[PDB]
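Next up: just one chain, as structure tokens, the form deposited in one PDB entry.
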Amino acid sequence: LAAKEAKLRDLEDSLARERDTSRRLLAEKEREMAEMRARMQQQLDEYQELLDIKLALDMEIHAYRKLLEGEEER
């Protein structure tokens, strides 16, 4: 115990210097991950918007083409 009491205290030192910095890093990843899951929904709406817009321009294109089926026929 002449140097065996300054070996159990430096073993509880890096079990608090590691365990904590792991949790501060885990929380960084998990903060960034929720920010990632966030950008994933902004996009799955921004797209779903543009899609239901594209379905309207395809409906107009058929009506402009049906208007053409008569106004361009012999």
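Between two forms, the rigid core is the largest collection of C-alphas that superpose within 1.5 Å. All residue numbers are counted from 1 along the displayed sequence. Shifts are known only where both forms have a C-alpha.
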{"query": "Of 43-51 and 24-32, the one with larger mean CA B-factor", "finding": "43-51"}
{"query": "Between 61-69 and 15-23 (mean CA B-factor, as deposited), the higher", "finding": "15-23"}
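Although it is not shown, the form deposited in another entry is what the next lines describe.
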{"property": "Post core alignment: residue 25 C-alpha displaced by 2 Å or more between the shown form and the other one", "result": "yes"}
{"property": "C-alpha of residue 35 off by 2 Å or more between the shown form and the other one on rigid core", "result": "yes"}
{"property": "Sequence-ordered runs, three or more residues, C-alpha shift 2 Å or more between the shown form and the other one, rigid core", "result": "16-41"}
